[PDB]
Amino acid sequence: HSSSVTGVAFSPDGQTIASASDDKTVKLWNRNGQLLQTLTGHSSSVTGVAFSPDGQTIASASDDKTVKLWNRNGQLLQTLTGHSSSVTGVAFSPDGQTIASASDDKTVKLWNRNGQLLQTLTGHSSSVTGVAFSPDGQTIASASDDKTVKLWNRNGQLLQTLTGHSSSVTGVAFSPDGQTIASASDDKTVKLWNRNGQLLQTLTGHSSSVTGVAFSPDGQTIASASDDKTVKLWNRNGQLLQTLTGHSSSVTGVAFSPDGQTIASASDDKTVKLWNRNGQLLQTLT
């Protein structure tokens, strides 16, 4: 990548890594660090990327106000138009049939893979910064600069507003068993919540804004990305397990391999880095 990497995701078998960048591309990489494809078509910075559960479809989010759907070989399949400002994040439903997009226009939109707008989730009072599907597919979680996470059903009905962060919420993730919700915030914390909206834990330790959060596939490990240039690994009890050091600028996103053994981090230093659960740096994708 020729500019900041803004997001990273692992394919379902973890053999392919997808990276989003301000250079307006998504790049696809093998686990061994070889560049496989560069997906070209967005007209401004790409802000996030997601793999479909089948590993065949890639979704990308962009400042050009669209989501694009791509196949694993780089073909553009759909352009999802409807947001009135920058799209900041994207997620697939667990059945791969629905795409959720987050936008500076203060909404989440829901789309089918044919590109039809299914629903607009309205309620946030400021930019929406990230979106996640519950692993049962029945709930949508959104993160916002209005300092909240909101939970929604597919009907667009607001279910819960999770309040407590003292600054913008930058990202959101469901645990693989759907029992826990993690949120990242400019207030330098990750907070863990249950589905009732109750705060379970506040993870403290990062020295600057937290930009993204992810669960291991067994839900036992939480990874957080920060402007303090680290990824931190945490257990469910909130204990800090590791600090992954090596990026030379802000870390913007993080993801786990499907066996939870490898962590991918995205950075403004224009790289993706791969790490072991032990905290050891493994590889750097440039």
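Start at 1 with the first residue shown and count on from there.
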Could you check which stretch, 107-115 or 167-175, carries the larger mean CA temperature factor in the entry? 107-115
Stretch exceeding the other in mean C-alpha B-factor - 189-197, 209-217: 189-197
Can you pull the Cα B-factors for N237, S250, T57, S62 from the entry and say which is highest? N237
Please work out which residue in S11, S19, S265, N276 has the highest C-alpha B-factor recorded for this crystal structure. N276
Classify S142 as lowest, middle or highest third according to the C-alpha B-factor given in the PDB entry, relative to its own chain. lowest
Please say which third, lowest, middle or highest, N32 falls into when its CA temperature factor is compared across its chain. highest
Within-chain third of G48 by Cα B-factor, per the entry: lowest
Which third, lowest, middle or highest, does the CA B-factor of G89 fall in along this chain? lowest
Among modelled residues of the same chain, the CA temperature factor third for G156: highest
